[PDB]
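Trainee: I have a structure here, written as structure tokens, and I will follow up with some questions on it.
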Amino acid sequence: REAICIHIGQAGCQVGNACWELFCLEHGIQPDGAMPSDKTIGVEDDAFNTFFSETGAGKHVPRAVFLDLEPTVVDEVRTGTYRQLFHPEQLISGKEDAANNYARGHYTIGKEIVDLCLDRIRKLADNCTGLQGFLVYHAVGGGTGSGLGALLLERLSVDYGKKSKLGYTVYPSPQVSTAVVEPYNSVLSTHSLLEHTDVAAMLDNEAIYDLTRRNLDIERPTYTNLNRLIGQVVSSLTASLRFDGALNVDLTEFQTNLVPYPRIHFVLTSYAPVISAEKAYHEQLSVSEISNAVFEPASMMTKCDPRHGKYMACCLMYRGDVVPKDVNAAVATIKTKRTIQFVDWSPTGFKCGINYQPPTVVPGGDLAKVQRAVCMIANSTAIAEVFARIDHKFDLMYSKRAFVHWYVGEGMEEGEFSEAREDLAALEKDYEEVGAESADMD
Amino acid sequence: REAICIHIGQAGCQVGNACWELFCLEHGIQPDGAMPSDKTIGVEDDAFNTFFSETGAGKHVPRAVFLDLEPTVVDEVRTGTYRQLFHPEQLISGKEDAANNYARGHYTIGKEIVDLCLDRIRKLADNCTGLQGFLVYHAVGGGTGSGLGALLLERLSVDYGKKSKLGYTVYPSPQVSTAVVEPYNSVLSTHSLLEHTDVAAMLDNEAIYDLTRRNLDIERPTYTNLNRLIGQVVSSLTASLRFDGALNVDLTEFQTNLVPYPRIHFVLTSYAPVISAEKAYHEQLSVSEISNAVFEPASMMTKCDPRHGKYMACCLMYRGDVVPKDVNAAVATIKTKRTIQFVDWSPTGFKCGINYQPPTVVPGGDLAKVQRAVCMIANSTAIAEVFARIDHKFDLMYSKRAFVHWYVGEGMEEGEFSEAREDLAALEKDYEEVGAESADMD
Amino acid sequence: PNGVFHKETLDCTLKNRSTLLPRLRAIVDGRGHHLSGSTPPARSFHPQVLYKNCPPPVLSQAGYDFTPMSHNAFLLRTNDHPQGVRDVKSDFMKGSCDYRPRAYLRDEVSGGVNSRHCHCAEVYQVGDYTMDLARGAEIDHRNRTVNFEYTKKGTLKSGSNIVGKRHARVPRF
Amino acid sequence: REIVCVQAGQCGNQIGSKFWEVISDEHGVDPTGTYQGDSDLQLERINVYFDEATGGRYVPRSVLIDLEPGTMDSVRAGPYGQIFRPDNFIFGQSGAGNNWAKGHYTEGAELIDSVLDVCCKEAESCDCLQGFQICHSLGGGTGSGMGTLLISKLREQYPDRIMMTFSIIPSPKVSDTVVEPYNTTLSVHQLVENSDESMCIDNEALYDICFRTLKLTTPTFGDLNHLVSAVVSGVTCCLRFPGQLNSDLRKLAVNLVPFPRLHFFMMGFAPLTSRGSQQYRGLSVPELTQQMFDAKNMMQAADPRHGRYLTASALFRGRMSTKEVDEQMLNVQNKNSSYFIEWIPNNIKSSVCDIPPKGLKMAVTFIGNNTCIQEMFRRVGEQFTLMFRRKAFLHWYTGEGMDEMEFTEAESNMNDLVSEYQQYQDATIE
Amino acid sequence: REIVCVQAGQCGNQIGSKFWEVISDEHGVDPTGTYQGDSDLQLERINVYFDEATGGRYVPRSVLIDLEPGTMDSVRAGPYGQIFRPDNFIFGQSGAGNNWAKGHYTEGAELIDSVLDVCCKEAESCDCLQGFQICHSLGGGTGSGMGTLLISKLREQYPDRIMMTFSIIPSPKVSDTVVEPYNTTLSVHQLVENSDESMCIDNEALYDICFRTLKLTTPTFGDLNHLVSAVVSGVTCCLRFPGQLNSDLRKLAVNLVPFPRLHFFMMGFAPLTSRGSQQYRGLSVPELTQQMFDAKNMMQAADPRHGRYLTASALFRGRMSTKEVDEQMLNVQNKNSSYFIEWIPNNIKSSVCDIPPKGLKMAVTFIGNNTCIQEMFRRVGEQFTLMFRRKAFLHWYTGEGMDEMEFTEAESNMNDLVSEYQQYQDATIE
Ligand SMILES: Nc1nc2c(ncn2[C@@H]2O[C@H](COP(=O)(O)OP(=O)(O)OP(=O)(O)O)[C@@H](O)[C@H]2O)c(=O)[nH]1
Ligand SMILES: Nc1nc2c(ncn2[C@@H]2O[C@H](COP(=O)(O)OP(=O)(O)OP(=O)(O)O)[C@@H](O)[C@H]2O)c(=O)[nH]1
Ligand SMILES: Nc1nc2c(ncn2[C@@H]2O[C@H](COP(=O)(O)OP(=O)(O)O)[C@@H](O)[C@H]2O)c(=O)[nH]1
Ligand SMILES: Nc1nc2c(ncn2[C@@H]2O[C@H](COP(=O)(O)OP(=O)(O)O)[C@@H](O)[C@H]2O)c(=O)[nH]1
Ligand SMILES: [Mg+2]
Ligand SMILES: [Mg+2]
Ligand SMILES: [Zn+2]
């Protein structure tokens with residue numbers, strides 16, 4: 001029943017703003033924290049409970065924390081439209097940023113703020129009766145997202161136990177870039193995140209910009225569009241807990257079906273009916289068409305091509321007016337294709353889910369209104385190319401000690417670079433060996 | 001049941017405008033695809049399905065793609081009268097033309113544009129359940145039509161395999177000409193088309209100009225008249241799939257009946273009641289009269305005289321008020337003629353088709369209204385004369401390497417000219433050998 | 001209750017037990033790593049290993065602003081069904097009996113390839129080798145696999161399209 | 001004594017629609033399926049062609065097979081189409097391509113199991129099963145290939161019953177299909193081993209019947225299919241109505257076939273005459289016998305005067321005397337004695353049934369076993385040899401997978417059939 | 001003679017809701033629990049599935065178990081949910097995660113004592129106890145683990161009663177869960193030792209039933225669960241209504257199982273027919289028998305033509321003569337003799353019950369014991385061997401605590417079961 005959302009840093013807080021806007025409009029909680037006038041104790045109305053808790057006066061408040069080291073974005077939330085929705089204690093802000101240094105966030109600044117975060121999460125977890133996981137939003141490219149996200153996941157992993165941790169992560173784009181030190185922060189973040197996360201979903205802004213240019217008709221997209229797409233995907237994955245359906249899927253089922261070996265937990269995500277209102281009137285949107293859509297790499301929110309690898313498992317979530325025979329026919333048609341390949345040790349490659357609630361439409365949005373949608377998260381060996389491309393840039397920079405004095409000055413041993421680089425080399429070797437056919441292995 | 005149309009370049013898109021105008025008016029779909037505000041379905045029957053698909057709201061959209069490297073012609077389609085009929089993704093346009101170079105279309109630019117075209121055609125083929133062939137319209141005289149048409153037919157032949165591909169091709173007229181480099185492009189096109197096409201119908205503008213001067217009363221004809229005649233021919237051949245009749249003919253039957261050996265797939269086309277309104281009320285138009293008309297060279301849409309060769313197979317399609325006994329009597333009378341000769345190894349030379357739907361009348365058209373028509377496609381050795389004249393003009397220019405530096409600059413080896421020329425020489429020898437009497441060889 | 005039952009079904013049980021149990025032995029470490037014996041001849045992400053029986057992708061900048069992505073294809077697989085399963089259709093499916101490749105019996109009923117255009121869509125240069133889609137596992141007239149091969153321990157072996165090795169070198173005087 | 005019908009291909013489905021209209025009319029079945037007849041004689045043998053539905057309705061025992069549903073869609077839309085059971089329509093998703101090898105080997109093996117399942121479901125329901133009846137063309141693709149495939153499977157599964165075929169064969173003057181010789185030769189090779197009795201009809205003979213004999217101003221395929229349905233329904237008349245001299249399909253075979261390979265027959269129906277000329281001449285047994293032997297009323301292009309009759313059968317419908325039948329058959333045998341094989345003392349079998357078709361006082365259907373059928377096989381073998389020596393269109397069949405030895409075997413078997421007919425034509429006692 | 005039902009997991013609870021709707025309809029129980037039936041014949045055996053509550057109410061003898069209450073909250077909120085006794089819902093606080101080891105060892109042992117307490121309270125209340133009936137899926141987590149745990153405990157506590165299970169098994173074409181081979185193999189290993197008779201269903205077979213036979217345009221899980229509820233309520237119909245030839249679960253087991261390991265059966269239900277077709281065929285015993293043996297109407301992917309029937313049972317509901325039932329079963333055994341094991345002189349048992357389900361004149365449910373079920377186990381064992389050689393996803397199961405020897409034992413035992421079926425299929429008298 002309950003799930004707690006943790007939002008970290010700039011991308012994570014802005015995506016949180018889009019997500020809670022969506023969850024409010026889908027359940028019907030007004031921006032001032034009030035159920036509409038037509039809802040009473042006359043009928044059973046509890047679906048919000050997965051994301052909201054009600055006070056004794058009947059106000060709703062959401063099960064989320066927003067974490068930042070700079071005040072500006074949380075002060076924008078405090079001064080924005082949803083001022084009365086959030087409890088003021090939930091919006092925690094420090095004085096100064098981690099300045100793109102993972103070392104500054106982890107060692108110098110996040111250690112001061114971390115105890116307040118664990119106390120707030122504990123205060124939320126005490127007001128629950130069926131918590132079944134944490135959802136985490138952060139970027140690994142920036143200093144506070146990497147450092148405080150790693151430190152907080154480590155502390156949560158020590159305090160709590162046998163609880164799932166699912167991450168939605170914005171990785172550094174392969175040629176679009178925002179900072180020079182992106183490789184160092186991404187390597188050290190992935191090194192800490194490898195041991196303490198059950199499934200990690202990867203997003204790339206360059207891919208979602210391509211998707212908003214290609215599918216929608218937006219010439220000059222901005223982060224609010226990207227954040228609305230991310231909000232739709234998270235709403236689709238968590239819809240299985242909140243509404244009636246033929247085949248529900250608990251968050252623990254994702255880790256069981258998608259992860260074959262404990263280190264192999266990085267998955268691709270895609271969403272099918274990304275379409276504009278003018279295109280929506282030229283096309284029917286049947287189950288088989290959107291099922292065919294989720295497998296094209298042009299539909300993915302991470303810049304990787306799955307044709308350079310092999311799939312090990314796929315999880316397909318259908319929501320809306322769908323009938324099981326059409327889901328079975330669609331999955332059977334995909335399996336026939338020769339350019340889609342699965343490793344020979346994974347014969348039963350699919351997990352299915354079917355939910356009746358269609359996706360909600362947001363007043364200023366750019367997506368059309370549709371009766372059905374499908375969302376996919378999948379595990380594939382193609383991910384080794386993303387790490388290989390980050391590692392080449394790391395090797396280029398570390399060969400000349402390009403920026404190390406900053407990291408050593410803020411408190412970190414230089415040895416940590418070599419340890420993380422060796423762990424990523426071993427992860428590359430795991431992805432090389434796992435893709436080897438069994439017939440050649442004898 | 002369904003067929004997908006691919007239109008390439010300038011001639012193919014302009015002929016496509018006339019074709020879709022006719023198919024809309026014959027089935028009854030409005031030019032914008034909508035329906036009156038009170039009806040629940042625009043038409044009572046599914047017969048349109050061969051060429052159109054309807055959305056669940058009842059809008060119609062057609063099963064076609066338009067491919068061009070210059071934007072102007074596709075932009076004219078986007079701004080014309082049928083703007084709402086086509087899905088905007090189907091109208092594909094590049095930035096710059098193939099500049100009359102087969103090498104530029106095939107190696108440099110069509111190689112870049114071809115993957116979008118294949119993705120659109122795949123999206124159409126996924127929304128089908130009994131696809132039975134591709135229809136292709138292009139001219140082999142220009143650069144993008146030749147180069148991208150050949151490259152796309154090669155890729156289609158690998159991806160779809162056994163499915164039939166029928167081409168309507170505009171070849172360079174024997175004395176009317178528009179560009180200097182026509183022989184090189186036509187030779188290299190015919191070289192690619194030999195391996196990758198099941199039946200190719202050849203058209204020459206000089207024949208349609210002669211037909212419009214003698215039969216119609218047009219002093220100043222333009223391409224729209226020729227394109228309306230081509231659309232009528234395509235409608236006659238595909239009518240067998242769409243309306244009731246005594247003897248139906250599926251698109252797979254043409255390749256089986258007309259092609260004796262895998263290289264001998266080039267056919268002549270003619271249409272009988274091409275007649276003006278003033279002549280139509282002075283004459284009766286019985287079955288035997290139009291059957292006698294189809295064998296006269298004044299009726300043909302390709303500039304070749306079949307009296308200088310031998311027929312291998314004929315396919316006669318009758319549509320309208322015709323009775324089978326009259327068709328049998330007419331064909332026996334044609335068989336009696338002495339200027340019509342069949343190779344002695346082909347005793348059963350004819351295939352017949354009979355359909356009840358008479359030809360449609362188009363508001364701005366120039367053809368009269370008639371109760372019946374017949375259309376013929378036939379394989380004959382006379383076609384060898386067209387290739388001999390193209391090959392002689394190629395030999396004249398190639399003796400001094402007159403323009404080869406453009407083709408070599410755009411990516412092609414000089415060796416490809418010589419290879420294509422020996423393959424067309426071998427095709428000429430094939431037409432000499434197939435025509436040798438069996439009684440003469442003992 | 002299981003005396004005569006086990007006595008009568010003895011020899012077949014021992015035969016199947018002697019066959020199956022050697023296969024159940026683990027060949028991979030608990031970390032997902034191969035044992036010291038029977039190492040693979042080549043690494044997995046090599047061009048000829050990854051694309052042994054599948055065309056490699058083609059990338060182009062058309063339609064994209066940033067790093068391009070490839071596209072799916074419609075190439076179907078062989079019409080093979082599990083042994084002893086009813087002809088199941090949940091709805092109207094696209095059977096693989098049709099879309100039979102045109103390379104079937106090409107060298108016998110036809111003259112074979114007579115142009116270099118086979119390199120455009122049928123012959124690929126994967127790394128240091130050559131892939132040909134017309135020279136794979138043998139199929140019958142109904143697009144069904146003819147031959148099935150097994151290792152010493154009894155694992156099904158997939159087909160290969162790799163025909164030859166290309167000795168590439170840079171030019172010099 | 002129940003018959004199971006199979007309709008295959010475009011020609012078979014189109015002839016079948018008209019046949020079931022004629023049979024439903026003769027037994028007074030409404031197009032809704034309700035019995036509305038006016039005599040118990042109609043109801044007492046309805047089981048022979050119809051299955052019984054619960055309240056008033058009857059359902060027809062027929063299987064329709066085709067590779068593209070277009071023809072079936074035309075017959076289902078027709079005025080009597082609703083009577084057919086929905087589960088009896090079997091179709092694929094791609095056409096036969098007018099090619100015998102595709103119809104027999106590639107799409108044939110894909111669909112054949114569902115057709116055999118339907119045929120077994122229909123056959124095992126009968127309390128006593130009589131022979132199967134199949135309509136198809138030999139020149140086509142799915143008709144020839146799947147008809148002969150299904151015939152072979154049914155002969156393996158039901159070897160003790162009768163196998164009957166009605167088949168359309170290429171005209172001598174104009175072809176409807178270019179590859180007719182291959183499809184015809186392979187189909188005749190399959191039939192001569194598997195079939196028990198085969199009837200052949202030329203479309204040219206139906207055109208000449210309609211234009212010359214009936215003087216119809218605007219004939220249509222409905223008329224040709226009505227002539228075929230009339231003779232087909234006439235052959236079975238003694239199975240389903242009373243009469244003075246009953247007859248049966250097995251009794252016809254026993255009297256018509258002297259040796260097992262000689263089972264190909266010519267067909268004719270006698271009282272064809274234009275509505276204008278009917279007033280001048282009345283109906284009588286001499287008139288029916290004269291029309292019955294007139295080549296104008298025979299459904300093949302070959303003429304009996306170039307061959308000899310081994311055997312013949314006449315089935316008469318109507319109330320008439322046996323004396324006139326016996327004396328007519330004796331007088332015709334004695335007066336034209338050179339055209340009857342002399343080592344058989346009487347070549348004609350007669351049968352008499354009381355109930356004529358509505359609106360005619362009397363009718364007869366004629367079945368003839370004549371050696372002039374050898375001219376057709378000789379012509380087909382000539383055209384086959386012309387095409388095969390030059391490999392005229394052979395790559396389609398070889399590309400599907402056929403061995404050329406199949407073509408040489410089929411040619412040899414047909415050539416031996418022509419030789420056997422020619423030897424028995426010129427045989428003598430010595 | 002009353003049965004106690006157990007519903008476990010999502011699939012079990014959903015099928016159970018439809019079963020209790022069908023049973024409440026047949027005995028005329030309002031969803032409030034009030035009797036509103038229209039014949040005393042309904043009341044006189046109501047005890048078989050219902051227990052009697054004091055006032056005007058009836059309570060159903062069922063235990064509901066699940067690890068997360070989501071499904072139970074959906075069914076309790078349903079239109080018939082109120083009938084269930086509140087104390088009969090047993091639930092934990094975290095899901096099984098579709099993992100057998102978690103469902104069997106950690107939360108299983110935590111809840112099993114409370115489930116056994118409820119089952120004992122219900123069993124010791126009966127005046128005479130008949131067998132237990134359990135519905136669950138084998139591919140899931142709490143269904144497989146807690147179902148097999150409870151089955152083992154009830155077999156220790158009630159070894160003299162009957163143990164019957166209805167089980168959902170993985171489709172051969174598309175998986176619903178990635179780790180199905182492990183859960184299926186361990187569950188089949190537990191069932192073959194513990195169970196007395198087990199029925200297996202493929203969702204793919206129900207999809208083929210819906211698309212081919214009923215031609216439904218938009219089927220829902222309510223239709224599949226209605227077909228299952230129809231067969232389950234049909235097998236026990238003779239237990240609770242009068243008839244000419246009574247039958248019982250123990251008598252069915254004695255006639256169906258030749259040897260204790262050979263207890264896996266196929267099921268079918270006959271009067272399934274599309275809304276368009278009903279006008280074309282009246283109900284009769286031959287029609288029911290023909291649908292009864294048509295593989296299109298069988299709820300498993302394996303086809304009878306690759307195996308042989310050791311035994312079969314048919315239970316008929318309706319007013320009918322024993323002669324047609326006996327002679328139909330003889331005719332089917334005689335005509336298809338190659339598919340019946342020859343060393344048993346008669347493989348089919350028949351039973352006749354007078355009262356059909358409302359709205360049908362007649363109905364039959366079919367249970368079949370056929371050796372072709374060995375191919376399904378062979379396919380699952382193959383996929384298990386493929387996954388185990390590479391230790392596929394093994395760390396979850398090993399992390400809960402299972403010894404790998406359990407996996408090797410379960411695989412070896414199932415492989416011996418396929419070998420045993422293969423040996424009896426090809427056995428001979430000699
Ligand atoms: N999709 C998306 N990406 C964002 C958003 N905001 C920032 N990013 C991306 O994330 C990276 C920057 O990370 P930040 O979140 O700004 O880093 P930070 O967490 O603020 O760390 P500090 O700078 O030390 O405070 C760049 O690649 C940005 O493109 C957002 O709102 N949506
Ligand atoms: N019948 C007919 N012929 C046409 C039409 N348009 C062009 N042609 C002929 O086709 C040839 C020119 O080919 P184009 O279609 O212009 O070549 P293209 O496809 O535009 O190739 P690029 O010039 O490289 O862009 C000439 O012989 C023209 O006479 C048309 O609408 N109808
Ligand atoms: N008498 C008659 N002949 C037909 C009919 N339809 C087709 N034919 C003939 O049958 C031959 C064509 O065979 P067809 O039925 O098309 O073969 P298919 O393609 O396998 O179905 C030609 O000689 C046609 O003239 C029909 O309704 N009546
Ligand atoms: N026929 C049928 N199958 C179902 C139903 N619900 C789930 N299943 C199937 O059962 C399997 C999932 O098992 P599940 O019940 O979720 O296992 P659990 O998690 O242990 O309860 C999949 O194959 C589903 O397709 C249902 O109502 N009817
Ligand atoms: Mg910041
Ligand atoms: Mg141009
Ligand atoms: Zn090429």
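FYI, nothing fancy with the structure tokens labels: chains A, B, ... in order, residues from 1 per chain, ligands from 1 as they appear.
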For chain A, work out the contacting residues on chain E at 6 Å, counting only C-alpha atoms, and write them as a list in words.

Mentor: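 Using only C-alpha atoms, chain E residues at most 6 Å from chain A: residues 97, 175, 176, 177, 178, 387 and 393 of chain E.
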
Trainee: Could those selected residues go to a file with N, CA, C and O atoms, as a PDB file, in the first residue's frame?

Mentor:
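Saved file again_34.pdb follows:
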ATOM      1  N   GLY E  97       6.099 -12.061  -3.698  1.00  0.00           N
ATOM      2  CA  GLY E  97       7.074 -11.697  -4.737  1.00  0.00           C
ATOM      3  C   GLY E  97       7.217 -12.755  -5.818  1.00  0.00           C
ATOM      4  O   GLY E  97       8.242 -12.759  -6.504  1.00  0.00           O
ATOM      5  N   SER E 175       5.268 -16.521 -21.635  1.00  0.00           N
ATOM      6  CA  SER E 175       5.339 -16.590 -20.167  1.00  0.00           C
ATOM      7  C   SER E 175       4.636 -15.393 -19.547  1.00  0.00           C
ATOM      8  O   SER E 175       4.682 -14.283 -20.120  1.00  0.00           O
ATOM      9  N   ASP E 176       4.008 -15.629 -18.399  1.00  0.00           N
ATOM     10  CA  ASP E 176       3.477 -14.517 -17.593  1.00  0.00           C
ATOM     11  C   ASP E 176       4.479 -14.118 -16.506  1.00  0.00           C
ATOM     12  O   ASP E 176       4.310 -13.038 -15.924  1.00  0.00           O
ATOM     13  N   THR E 177       5.471 -14.962 -16.225  1.00  0.00           N
ATOM     14  CA  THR E 177       6.476 -14.664 -15.178  1.00  0.00           C
ATOM     15  C   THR E 177       7.836 -15.193 -15.634  1.00  0.00           C
ATOM     16  O   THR E 177       7.887 -16.173 -16.378  1.00  0.00           O
ATOM     17  N   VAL E 178       8.907 -14.493 -15.288  1.00  0.00           N
ATOM     18  CA  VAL E 178      10.230 -14.927 -15.801  1.00  0.00           C
ATOM     19  C   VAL E 178      10.665 -16.221 -15.112  1.00  0.00           C
ATOM     20  O   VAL E 178      11.211 -17.108 -15.784  1.00  0.00           O
ATOM     21  N   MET E 387      17.923 -23.120 -17.400  1.00  0.00           N
ATOM     22  CA  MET E 387      18.128 -22.056 -16.391  1.00  0.00           C
ATOM     23  C   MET E 387      19.133 -22.499 -15.324  1.00  0.00           C
ATOM     24  O   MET E 387      19.941 -21.665 -14.879  1.00  0.00           O
ATOM     25  N   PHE E 393      18.996 -16.559 -12.106  1.00  0.00           N
ATOM     26  CA  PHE E 393      18.237 -15.913 -11.003  1.00  0.00           C
ATOM     27  C   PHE E 393      18.333 -16.709  -9.700  1.00  0.00           C
ATOM     28  O   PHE E 393      17.481 -16.528  -8.818  1.00  0.00           O
TER      29      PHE E 393
END

Trainee: Residues of chain A within 8 Å of chain B, using only C-alpha atoms, as a CSV table (one decimal) with C-alpha atoms, in the first residue's frame?

Mentor:
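For reference, result_34.csv as written:
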chain,number,residue,atom,x,y,z
A,279,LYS,CA,-1.4,13.4,-34.9
A,282,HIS,CA,-4.8,10.7,-37.9
A,283,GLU,CA,-4.3,7.4,-36.1
A,284,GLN,CA,-6.1,4.7,-34.2
A,289,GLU,CA,0.7,-0.4,-32.3

Trainee: Please find the residues contacting ligand 5 at a distance of at most 8 Å between atoms, with only C-alpha atoms and all ligand atoms counted, and report them as a compact mmCIF listing (two decimals) with C-alpha atoms, in the first residue's frame.

Mentor:
# COMPACT_ATOMS: atom_id res chain seq x y z
CA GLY A 9 18.88 18.02 -5.90
CA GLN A 10 17.74 20.23 -8.75
CA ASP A 68 18.52 20.32 -1.60
CA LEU A 69 21.73 22.08 -0.52
CA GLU A 70 20.88 25.36 -2.33
CA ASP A 97 25.77 23.99 -3.05
CA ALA A 98 28.23 21.11 -3.58
CA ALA A 99 29.74 23.04 -6.56
CA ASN A 100 29.75 19.96 -8.86
CA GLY A 142 25.93 17.02 -9.98
CA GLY A 143 27.70 17.23 -6.65
CA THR A 144 24.85 17.14 -4.14
CA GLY A 145 22.76 14.61 -6.11

Trainee: Least-squares superposition of chain B on chain A, every Cα paired in order: what RMSD, in Å?

Mentor: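 Once chain B is fitted onto chain A, the C-alpha RMSD works out to 1.2 Å.
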
Trainee: Check every residue of chain D for an atom within 9 Å of chain C, counting only C-alpha atoms, and provide those that qualify as a list in words.

Mentor: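 Contact residues on the first chain: residues 93, 94, 105, 106, 107, 110, 394, 395, 396, 398, 399, 400 and 401 of chain D.
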
Trainee: At a cut-off of 9 Å, which residues of chain B touch chain C? Count only C-alpha atoms and give the answer as a PyMOL selection string.

Mentor: chain B and resi 111-113+115-116+118-119+122+125-126+129-130+151+154-155+157-163+191-192+195+262+419+423

Trainee: 9 Å from ligand 1 is the threshold here; counting only C-alpha atoms and all ligand atoms, which polymer residues fall inside it? Answer as an NGL selection string.

Mentor: :A and (8-15 or 68-70 or 96-102 or 104-105 or 138-147 or 170-173 or 176-179 or 182 or 203-206 or 208 or 222-227 or 230)

Trainee: Tell me the residues of chain E close to chain D, meaning within 10 Å using only C-alpha atoms, as an MDAnalysis selection string.

Mentor: chainID E and resid 212:213 276:284 286:287 290:291 294 335

Trainee: Quick one: pull the distance between atom CA of residue D:214 and atom CA of residue D:272, Å, one decimal.

Mentor: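 Taking atom CA of residue D:214 as the start and atom CA of residue D:272 as the end point, the length is 6.9 Å.
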
Trainee: Tell me which protein, DNA and RNA residues are within 8 Å of residue B:317, counting only C-alpha atoms, leaving out same-chain ones fewer than 3 positions away, and put them as a ChimeraX atom specification.

Mentor: /B:236-237,352-355,374-376

Trainee: So how many Å separate atom CA of residue B:392 and atom CA of residue B:415, to one decimal?

Mentor: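 Going from atom CA of residue B:392 over to atom CA of residue B:415, I get 18.3 Å.
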
Trainee: If we count only C-alpha atoms, what is near stretch 296-309 of chain B at a cut-off of 10 Å, once residues fewer than 5 positions away on the same chain are taken out, given as a PyMOL selection string?

Mentor: chain B and resi 170-171+173-174+201-211+214-215+226+229-230+267-274+291+338-343+376+378-386+431+435

Trainee: Going by DSSP on the backbone, which bits of stretch 225-371 of chain A are strand (DSSP E or B)? Write them as number ranges by chain, please.

Mentor: A: 245-247, 266-271, 300, 311-320, 342, 350-355

Trainee: What's the separation between atom CA of residue B:277 and atom CA of residue B:320, in Å to one decimal place?

Mentor: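 So the two atoms, atom CA of residue B:277 and atom CA of residue B:320, lie 18.5 Å apart.
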
Trainee: Between B:72, B:109, B:327, B:136, which one has atoms that come closest to ligand 3, using only C-alpha atoms and all ligand atoms?

Mentor: B:327

Trainee: For residue E:30, please output as a VMD selection string all residues within 10 Å (counting only C-alpha atoms; exclusion window: fewer than 5 positions along the same chain).

Mentor: chain E and resid 21 24 to 25 35 to 37 57 to 58 80 83

Trainee: Do you know which residues are within 7 Å of ligand 4 using only C-alpha atoms and all ligand atoms? Can you write them as number ranges by chain?

Mentor: A: 246-247; E: 9-12, 14-15, 96-98, 137, 139-144, 168, 170, 176-177, 203, 221, 224-225

Trainee: Run DSSP on the backbone and tell me which residues of stretch 29-218 of chain A come out as alpha helix (DSSP H); list them as a ChimeraX atom specification.

Mentor: /A:72-79,102-103,110-125,143-159,182-195,205-214
